[PDB]
Amino acid sequence: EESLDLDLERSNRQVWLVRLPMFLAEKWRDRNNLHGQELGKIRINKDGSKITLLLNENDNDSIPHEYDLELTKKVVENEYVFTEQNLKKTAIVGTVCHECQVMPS
Amino acid sequence: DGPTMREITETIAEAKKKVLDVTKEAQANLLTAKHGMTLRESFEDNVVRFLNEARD
Amino acid sequence: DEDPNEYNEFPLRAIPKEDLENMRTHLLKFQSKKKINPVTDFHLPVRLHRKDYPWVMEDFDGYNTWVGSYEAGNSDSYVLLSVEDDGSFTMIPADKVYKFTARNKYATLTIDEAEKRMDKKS
Amino acid sequence: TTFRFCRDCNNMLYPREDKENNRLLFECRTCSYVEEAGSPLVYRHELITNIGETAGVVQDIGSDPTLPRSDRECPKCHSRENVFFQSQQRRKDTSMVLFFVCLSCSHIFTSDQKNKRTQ
Ligand SMILES: [Zn+2]
Ligand SMILES: [Zn+2]
């Protein structure tokens with residue numbers, strides 16, 4: 001579009017940044033795109049905020065183990081995500097509202 | 001001699017305490033350095049001097 | 001144990017393989033000290049250009065410029081999680097993380113002259 | 001001392017006197033920032049230091065086997081369980097005063113029978 005321009009963060013879209021263990025990501029790659037690559041689900045538990053990640057049964061044969069997430073602060077920093085398409089257009093997609101680390105299990 | 005060895009052991013024994021006594025005195029900050037010497041330098045001098053007085 | 005409680009769990013679409021910018025989702029990070037505010041009438045415009053490659057970010061002239069440099073990697077990696085209107089989450093791997101990386105400015109008509117004065121010092 | 005930085009630059013602050021209202025400020029030499037001073041003290045030398053004596057007193061201090069123990073009753077919790085060391089300020093002059101760290105209340109007491117401390 002306008003060349004060399006950046007796109008639209010003004011919309012204030014929020015996204016989460018999550019640190020994942022290398023092994024888990026490796027597993028995720030396995031999921032088929034055709035499937036839509038549903039890796040598993042995220043659980044939000046109350047009685048305090050607890051968030052965990054569990055792999056889909058298809059991913060591994062065993063009992064799915066929950067991976068606890070440690071919520072973290074934004075830190076004194078502003079993190080924004082920008083994307084570059086094949087077209088090489090650049091867009092300012094969203095701001096990182098929350099940070100989290102998925103612990104290995 | 002058997003008793004000379006008892007007498008020697010008890011010479012070192014008393015010097016060993018005399019040293020602990022100056023150490024306890026130095027740890028309690030009551031030690032008063034000799035003009036032109038560290039509080040520590042002054043202490044080590046005493047320790048070294050007692051221990052030699054003893055060996056002799 | 002038994003779950004007397006309720007959990008809200010969302011399906012996670014492990015990263016869709018085919019995305020237009022599947023290839024590039026990047027992180028642009030600014031230090032809080034820089035005090036960059038995206039909601040600025042001034043910062044309405046913004047251009048991002050590769051410097052020939054650090055990225056160069058610039059607003060309209062008269063505004064600060066930032067340089068973006070790439071951070072080192074690790075065993076763990078970051079994914080961007082976005083949520084669809086339907087609760088489902090889609091995750092995308094971060095291609096690269098850049099620390100920006102801007103100007104000041106007040107660096108014109110100086111630098112080279114100051115060093116020279118400093119030399120007039122020794 | 002304890003000095004501040006410029007919000008906006010993060011660059012350090014240089015003192016400027018406001019000749020008119022007879023007051024001290026802190027200017028930034030990279031931008032147009034100025035802020036009034038908290039204290040009148042700008043520079044402190046300190047030749048006869050005491051900062052270094054009780055350094056590296058991590059709560060894990062008890063986990064050092066190299067450290068010696070004593071049956072001295074604590075001024076706070078009265079516990080006869082404590083590790084001890086000498087002034088960690090690695091100077092020649094330095095006194096052989098001992099610092100005892102409680103294996104319960106974590107309070108630092110000394111053997112100094114000349115003076116009374118709080119560090
Ligand atoms: Zn400044
Ligand atoms: Zn105590």
# chains A, B, ... in the order shown; residues from 1 in each chain; ligands from 1
$ residues_near_ligand --ligand "ligand 2" --cutoff "12 Å" --atoms "only C-alpha atoms and all ligand atoms" --output "list in words"
residues 71, 72, 73, 74, 75, 76, 77, 78, 79, 80, 81, 82, 83, 100, 101, 102, 103, 104, 105, 106, 107, 108 and 109 of chain D
$ residues_around --residues "residue 62 in chain C" --least-positions-apart "4" --cutoff "10 Å" --atoms "only C-alpha atoms" --output "list in words"
residues 42, 58 and 105 of chain C
$ closest_atom_pairs --of "chain C" --to "ligand 1" --cutoff "12 Å" --atoms "only C-alpha atoms and all ligand atoms" --output "CSV"
residue,atom,partner,partner_atom_place_in_ligand_line,distance
C:33,CA,ligand 1,1 (Zn),10.0
C:34,CA,ligand 1,1 (Zn),10.2
C:35,CA,ligand 1,1 (Zn),11.5
C:104,CA,ligand 1,1 (Zn),9.4
C:105,CA,ligand 1,1 (Zn),10.9
C:106,CA,ligand 1,1 (Zn),11.1
$ residues_around --residues "range 14-28 of chain B" --least-positions-apart "3" --cutoff "12 Å" --atoms "only C-alpha atoms" --output "mmCIF file with N, CA, C and O atoms, in the first residue's frame"
data_model
loop_
_atom_site.group_PDB
_atom_site.id
_atom_site.type_symbol
_atom_site.label_atom_id
_atom_site.label_comp_id
_atom_site.auth_asym_id
_atom_site.auth_seq_id
_atom_site.Cartn_x
_atom_site.Cartn_y
_atom_site.Cartn_z
ATOM 1 N N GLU B 7 55.559 -30.892 82.000
ATOM 2 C CA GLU B 7 55.943 -29.497 82.209
ATOM 3 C C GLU B 7 56.033 -28.712 80.891
ATOM 4 O O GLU B 7 55.649 -27.544 80.868
ATOM 5 N N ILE B 8 56.503 -29.360 79.794
ATOM 6 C CA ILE B 8 56.596 -28.749 78.461
ATOM 7 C C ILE B 8 55.198 -28.565 77.891
ATOM 8 O O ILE B 8 54.851 -27.462 77.474
ATOM 9 N N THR B 9 54.387 -29.638 77.900
ATOM 10 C CA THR B 9 53.018 -29.609 77.397
ATOM 11 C C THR B 9 52.249 -28.479 78.067
ATOM 12 O O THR B 9 51.647 -27.669 77.360
ATOM 13 N N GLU B 10 52.357 -28.367 79.415
ATOM 14 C CA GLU B 10 51.698 -27.308 80.188
ATOM 15 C C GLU B 10 52.295 -25.895 80.011
ATOM 16 O O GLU B 10 51.695 -24.931 80.478
ATOM 17 N N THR B 11 53.450 -25.775 79.322
ATOM 18 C CA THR B 11 54.086 -24.495 79.008
ATOM 19 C C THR B 11 53.426 -23.989 77.747
ATOM 20 O O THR B 11 53.094 -22.807 77.669
ATOM 21 N N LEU B 31 41.865 -3.693 72.257
ATOM 22 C CA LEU B 31 43.285 -3.628 71.922
ATOM 23 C C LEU B 31 43.630 -2.206 71.483
ATOM 24 O O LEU B 31 42.851 -1.573 70.763
ATOM 25 N N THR B 32 44.778 -1.701 71.964
ATOM 26 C CA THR B 32 45.265 -0.346 71.697
ATOM 27 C C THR B 32 46.614 -0.426 70.999
ATOM 28 O O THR B 32 47.619 -0.706 71.655
ATOM 29 N N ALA B 33 46.632 -0.179 69.674
ATOM 30 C CA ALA B 33 47.828 -0.246 68.817
ATOM 31 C C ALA B 33 49.038 0.577 69.287
ATOM 32 O O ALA B 33 48.864 1.664 69.850
ATOM 33 N N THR B 38 49.476 -0.912 62.704
ATOM 34 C CA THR B 38 48.068 -1.298 62.544
ATOM 35 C C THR B 38 47.653 -1.953 63.863
ATOM 36 O O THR B 38 48.507 -2.442 64.605
ATOM 37 N N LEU B 39 46.341 -1.970 64.149
ATOM 38 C CA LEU B 39 45.791 -2.640 65.323
ATOM 39 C C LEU B 39 46.140 -4.148 65.175
ATOM 40 O O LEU B 39 46.636 -4.775 66.120
ATOM 41 N N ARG B 40 45.994 -4.665 63.930
ATOM 42 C CA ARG B 40 46.311 -6.027 63.503
ATOM 43 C C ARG B 40 47.816 -6.322 63.585
ATOM 44 O O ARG B 40 48.194 -7.314 64.207
ATOM 45 N N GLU B 41 48.672 -5.447 62.992
ATOM 46 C CA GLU B 41 50.142 -5.554 63.027
ATOM 47 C C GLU B 41 50.598 -5.741 64.481
ATOM 48 O O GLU B 41 51.403 -6.632 64.773
ATOM 49 N N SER B 42 50.053 -4.895 65.388
ATOM 50 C CA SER B 42 50.329 -4.890 66.823
ATOM 51 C C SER B 42 49.964 -6.225 67.440
ATOM 52 O O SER B 42 50.771 -6.777 68.192
ATOM 53 N N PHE B 43 48.778 -6.766 67.081
ATOM 54 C CA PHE B 43 48.296 -8.057 67.565
ATOM 55 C C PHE B 43 49.220 -9.205 67.144
ATOM 56 O O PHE B 43 49.699 -9.944 68.009
ATOM 57 N N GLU B 44 49.468 -9.349 65.822
ATOM 58 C CA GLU B 44 50.324 -10.404 65.277
ATOM 59 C C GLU B 44 51.684 -10.403 65.949
ATOM 60 O O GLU B 44 52.168 -11.474 66.304
ATOM 61 N N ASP B 45 52.251 -9.203 66.208
ATOM 62 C CA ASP B 45 53.522 -9.060 66.902
ATOM 63 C C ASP B 45 53.458 -9.780 68.245
ATOM 64 O O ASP B 45 54.350 -10.572 68.540
ATOM 65 N N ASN B 46 52.392 -9.535 69.037
ATOM 66 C CA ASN B 46 52.204 -10.137 70.361
ATOM 67 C C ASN B 46 52.112 -11.653 70.288
ATOM 68 O O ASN B 46 52.899 -12.337 70.944
ATOM 69 N N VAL B 47 51.201 -12.168 69.440
ATOM 70 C CA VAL B 47 50.970 -13.598 69.219
ATOM 71 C C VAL B 47 52.294 -14.321 68.957
ATOM 72 O O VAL B 47 52.660 -15.211 69.730
ATOM 73 N N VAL B 48 53.015 -13.885 67.888
ATOM 74 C CA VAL B 48 54.329 -14.344 67.419
ATOM 75 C C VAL B 48 55.367 -14.326 68.545
ATOM 76 O O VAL B 48 56.120 -15.287 68.689
ATOM 77 N N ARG B 49 55.376 -13.253 69.352
ATOM 78 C CA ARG B 49 56.272 -13.084 70.480
ATOM 79 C C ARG B 49 55.973 -14.106 71.589
ATOM 80 O O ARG B 49 56.923 -14.700 72.091
ATOM 81 N N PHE B 50 54.683 -14.346 71.946
ATOM 82 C CA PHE B 50 54.318 -15.326 72.995
ATOM 83 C C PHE B 50 54.698 -16.730 72.627
ATOM 84 O O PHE B 50 55.187 -17.477 73.474
ATOM 85 N N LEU B 51 54.388 -17.102 71.378
ATOM 86 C CA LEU B 51 54.612 -18.417 70.811
ATOM 87 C C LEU B 51 56.088 -18.764 70.750
ATOM 88 O O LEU B 51 56.441 -19.935 70.889
ATOM 89 N N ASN B 52 56.954 -17.753 70.548
ATOM 90 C CA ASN B 52 58.398 -17.959 70.506
ATOM 91 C C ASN B 52 58.938 -18.076 71.909
ATOM 92 O O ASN B 52 59.631 -19.052 72.197
ATOM 93 N N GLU B 53 58.504 -17.166 72.814
ATOM 94 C CA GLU B 53 58.816 -17.178 74.247
ATOM 95 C C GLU B 53 58.576 -18.606 74.760
ATOM 96 O O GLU B 53 59.343 -19.114 75.585
ATOM 97 N N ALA B 54 57.495 -19.235 74.243
ATOM 98 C CA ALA B 54 57.031 -20.571 74.567
ATOM 99 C C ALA B 54 57.968 -21.620 74.043
ATOM 100 O O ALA B 54 58.476 -22.393 74.848
ATOM 101 N N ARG B 55 58.224 -21.651 72.716
ATOM 102 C CA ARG B 55 59.126 -22.626 72.089
ATOM 103 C C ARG B 55 60.460 -22.690 72.834
ATOM 104 O O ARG B 55 60.971 -23.783 73.095
ATOM 105 N N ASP B 56 60.988 -21.514 73.206
ATOM 106 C CA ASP B 56 62.240 -21.375 73.932
ATOM 107 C C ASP B 56 62.144 -21.897 75.358
ATOM 108 O O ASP B 56 63.028 -22.640 75.767
ATOM 109 N N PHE D 84 29.916 -16.379 62.132
ATOM 110 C CA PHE D 84 30.652 -15.124 62.301
ATOM 111 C C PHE D 84 31.797 -14.891 61.325
ATOM 112 O O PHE D 84 32.371 -15.840 60.792
ATOM 113 N N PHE D 85 32.116 -13.612 61.090
ATOM 114 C CA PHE D 85 33.152 -13.161 60.157
ATOM 115 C C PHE D 85 33.714 -11.802 60.608
ATOM 116 O O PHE D 85 33.165 -11.190 61.528
ATOM 117 N N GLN D 86 34.817 -11.347 59.988
ATOM 118 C CA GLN D 86 35.443 -10.057 60.309
ATOM 119 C C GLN D 86 35.096 -9.030 59.252
ATOM 120 O O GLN D 86 34.582 -9.399 58.191
ATOM 121 N N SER D 87 35.431 -7.748 59.514
ATOM 122 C CA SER D 87 35.158 -6.653 58.584
ATOM 123 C C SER D 87 35.635 -6.975 57.180
ATOM 124 O O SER D 87 36.839 -7.064 56.928
ATOM 125 N N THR D 94 41.927 -1.766 59.433
ATOM 126 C CA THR D 94 40.760 -2.566 59.857
ATOM 127 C C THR D 94 40.893 -3.301 61.201
ATOM 128 O O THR D 94 41.870 -4.018 61.394
ATOM 129 N N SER D 95 39.900 -3.158 62.103
ATOM 130 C CA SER D 95 39.899 -3.842 63.404
ATOM 131 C C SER D 95 39.427 -5.304 63.294
ATOM 132 O O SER D 95 38.731 -5.670 62.336
ATOM 133 N N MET D 96 39.807 -6.138 64.279
ATOM 134 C CA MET D 96 39.448 -7.559 64.302
ATOM 135 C C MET D 96 38.093 -7.838 64.932
ATOM 136 O O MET D 96 37.861 -8.947 65.418
ATOM 137 N N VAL D 97 37.189 -6.841 64.899
ATOM 138 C CA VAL D 97 35.821 -6.907 65.427
ATOM 139 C C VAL D 97 35.077 -8.000 64.670
ATOM 140 O O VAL D 97 35.336 -8.204 63.477
ATOM 141 N N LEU D 98 34.192 -8.725 65.359
ATOM 142 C CA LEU D 98 33.436 -9.797 64.724
ATOM 143 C C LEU D 98 31.971 -9.439 64.489
ATOM 144 O O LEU D 98 31.367 -8.766 65.315
ATOM 145 N N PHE D 99 31.404 -9.918 63.369
ATOM 146 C CA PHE D 99 29.999 -9.728 63.017
ATOM 147 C C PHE D 99 29.308 -11.076 63.056
ATOM 148 O O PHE D 99 29.709 -11.994 62.338
ATOM 149 N N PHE D 100 28.295 -11.204 63.919
ATOM 150 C CA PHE D 100 27.540 -12.439 64.101
ATOM 151 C C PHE D 100 26.188 -12.311 63.415
ATOM 152 O O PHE D 100 25.492 -11.316 63.616
ATOM 153 N N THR D 110 27.503 -7.405 66.764
ATOM 154 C CA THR D 110 28.964 -7.381 66.823
ATOM 155 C C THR D 110 29.517 -7.740 68.226
ATOM 156 O O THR D 110 28.739 -7.974 69.161
ATOM 157 N N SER D 111 30.854 -7.846 68.334
ATOM 158 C CA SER D 111 31.591 -8.139 69.566
ATOM 159 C C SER D 111 32.235 -6.855 70.117
ATOM 160 O O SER D 111 32.834 -6.888 71.195
ATOM 161 N N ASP D 112 32.098 -5.727 69.369
ATOM 162 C CA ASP D 112 32.636 -4.396 69.681
ATOM 163 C C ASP D 112 32.225 -3.936 71.074
ATOM 164 O O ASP D 112 31.042 -3.673 71.326
ATOM 165 N N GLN D 113 33.212 -3.892 71.984
ATOM 166 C CA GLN D 113 33.029 -3.472 73.372
ATOM 167 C C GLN D 113 33.588 -2.062 73.637
ATOM 168 O O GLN D 113 33.827 -1.672 74.786
ATOM 169 N N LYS D 114 33.751 -1.292 72.550
ATOM 170 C CA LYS D 114 34.191 0.097 72.545
ATOM 171 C C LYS D 114 33.014 0.955 72.048
ATOM 172 O O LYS D 114 32.728 2.004 72.639
ATOM 173 N N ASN D 115 32.310 0.472 70.979
ATOM 174 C CA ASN D 115 31.189 1.146 70.295
ATOM 175 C C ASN D 115 29.913 0.267 70.084
ATOM 176 O O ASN D 115 29.983 -0.969 70.151
ATOM 177 N N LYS D 116 28.758 0.933 69.806
ATOM 178 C CA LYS D 116 27.451 0.304 69.559
ATOM 179 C C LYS D 116 26.923 0.605 68.133
ATOM 180 O O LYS D 116 26.807 1.778 67.761
#
$ closest_residue --among "A:75, A:34, A:63, A:93" --to "residue 80 in chain C" --atoms "only C-alpha atoms"
A:93
$ residues_around --residues "residue 4 in chain C" --least-positions-apart "2" --cutoff "12 Å" --atoms "only C-alpha atoms" --output "PyMOL selection string"
(chain A and resi 45-47) or (chain C and resi 1-2+6-7)
$ write_last_selection --atoms "C-alpha atoms" --output "JSON list (two decimals), in the first residue's frame"
[["chain", "number", "residue", "atom", "x", "y", "z"],
["A", 45, "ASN", "CA", -8.56, -21.47, 36.38],
["A", 46, "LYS", "CA", -9.98, -19.19, 38.98],
["A", 47, "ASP", "CA", -9.53, -19.15, 42.71],
["C", 1, "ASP", "CA", -8.76, -33.93, 42.07],
["C", 2, "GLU", "CA", -12.42, -33.40, 41.52],
["C", 6, "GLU", "CA", -14.95, -24.25, 36.63],
["C", 7, "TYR", "CA", -12.19, -23.69, 34.16]]
$ residues_around --residues "residue 90 in chain A" --least-positions-apart "5" --cutoff "7 Å" --atoms "only C-alpha atoms" --output "list in words"
residues 5, 6, 7, 82, 83, 84 and 85 of chain A
$ select_by_dssp --residues "chain D" --states "strand (DSSP E)" --output "count of residues only"
30
$ interface_residues --of "chain C" --to "chain A" --cutoff "7 Å" --atoms "only C-alpha atoms" --output "PDB file with C-alpha atoms, in the first residue's frame"
ATOM      1  CA  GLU C   6     -14.948 -24.254  36.633  1.00  0.00           C
ATOM      2  CA  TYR C   7     -12.190 -23.687  34.165  1.00  0.00           C
ATOM      3  CA  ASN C   8     -12.473 -21.757  30.975  1.00  0.00           C
ATOM      4  CA  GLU C   9     -10.374 -23.510  28.453  1.00  0.00           C
ATOM      5  CA  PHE C  10      -9.884 -22.349  24.947  1.00  0.00           C
ATOM      6  CA  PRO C  11      -8.799 -24.358  22.066  1.00  0.00           C
ATOM      7  CA  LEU C  12      -5.403 -23.402  20.881  1.00  0.00           C
ATOM      8  CA  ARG C  13      -4.733 -23.573  17.279  1.00  0.00           C
ATOM      9  CA  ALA C  14      -1.196 -24.550  17.301  1.00  0.00           C
ATOM     10  CA  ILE C  15       0.123 -22.207  14.730  1.00  0.00           C
ATOM     11  CA  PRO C  16      -1.611 -22.312  11.509  1.00  0.00           C
ATOM     12  CA  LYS C  17       0.905 -23.406   8.937  1.00  0.00           C
ATOM     13  CA  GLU C  18      -0.450 -21.350   6.123  1.00  0.00           C
ATOM     14  CA  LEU C  20       0.038 -14.613   4.744  1.00  0.00           C
ATOM     15  CA  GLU C  21       2.419 -13.338   7.326  1.00  0.00           C
ATOM     16  CA  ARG C  24       6.769 -12.885   9.664  1.00  0.00           C
ATOM     17  CA  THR C  25       5.554 -11.982  13.099  1.00  0.00           C
ATOM     18  CA  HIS C  26       8.158  -9.876  14.815  1.00  0.00           C
ATOM     19  CA  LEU C  27       8.537  -8.066  18.076  1.00  0.00           C
ATOM     20  CA  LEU C  28       9.424  -4.422  18.200  1.00  0.00           C
ATOM     21  CA  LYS C  29      10.478  -3.475  21.664  1.00  0.00           C
ATOM     22  CA  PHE C  30      10.926  -0.017  23.071  1.00  0.00           C
ATOM     23  CA  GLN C  31      12.532   0.849  26.392  1.00  0.00           C
ATOM     24  CA  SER C  32      10.173   2.641  28.746  1.00  0.00           C
ATOM     25  CA  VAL C  39      -1.254   7.502  20.529  1.00  0.00           C
ATOM     26  CA  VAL C  46       5.285   6.026  10.713  1.00  0.00           C
ATOM     27  CA  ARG C  47       7.661   4.498   8.227  1.00  0.00           C
ATOM     28  CA  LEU C  48       9.710   1.380   8.690  1.00  0.00           C
ATOM     29  CA  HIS C  49      12.591   0.890   6.286  1.00  0.00           C
ATOM     30  CA  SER C  75      16.416 -22.705  23.537  1.00  0.00           C
ATOM     31  CA  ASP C  76      13.029 -21.412  24.473  1.00  0.00           C
ATOM     32  CA  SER C  77      11.239 -19.299  21.943  1.00  0.00           C
ATOM     33  CA  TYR C  78       8.414 -16.814  21.923  1.00  0.00           C
ATOM     34  CA  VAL C  79       5.028 -17.163  20.341  1.00  0.00           C
ATOM     35  CA  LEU C  80       2.411 -14.513  19.825  1.00  0.00           C
ATOM     36  CA  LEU C  81      -0.991 -15.557  21.017  1.00  0.00           C
ATOM     37  CA  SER C  82      -3.975 -13.816  19.539  1.00  0.00           C
TER      38      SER C  82
END
$ interface_residues --of "chain D" --to "chain C" --cutoff "10 Å" --atoms "only C-alpha atoms" --output "ChimeraX atom specification"
/D:6-11,30-31
$ write_last_selection --atoms "N, CA, C and O atoms" --output "CSV table (one decimal), in the first residue's frame"
chain,number,residue,atom,x,y,z
D,6,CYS,N,17.5,11.7,34.2
D,6,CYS,CA,16.5,12.4,33.5
D,6,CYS,C,15.4,11.5,33.0
D,6,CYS,O,15.8,10.5,32.4
D,7,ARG,N,14.2,11.8,33.2
D,7,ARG,CA,13.1,11.0,32.7
D,7,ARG,C,13.0,11.6,31.3
D,7,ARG,O,13.1,12.8,31.2
D,8,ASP,N,13.0,10.7,30.2
D,8,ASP,CA,13.0,11.1,28.8
D,8,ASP,C,14.3,10.7,28.2
D,8,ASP,O,14.3,9.9,27.2
D,9,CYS,N,15.5,11.1,28.8
D,9,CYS,CA,16.8,10.7,28.3
D,9,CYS,C,17.3,9.5,28.9
D,9,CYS,O,17.9,8.6,28.2
D,10,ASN,N,17.1,9.4,30.3
D,10,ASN,CA,17.7,8.4,31.2
D,10,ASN,C,19.1,8.8,31.5
D,10,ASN,O,19.7,8.2,32.4
D,11,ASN,N,19.7,9.8,30.8
D,11,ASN,CA,21.0,10.3,31.0
D,11,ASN,C,21.1,11.0,32.3
D,11,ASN,O,20.1,11.5,32.9
D,30,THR,N,21.5,16.6,27.7
D,30,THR,CA,21.1,16.0,26.4
D,30,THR,C,19.7,16.5,25.9
D,30,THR,O,19.5,16.6,24.7
D,31,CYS,N,18.8,16.9,26.9
D,31,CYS,CA,17.6,17.5,26.5
D,31,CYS,C,17.3,18.7,27.4
D,31,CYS,O,18.3,19.2,28.1
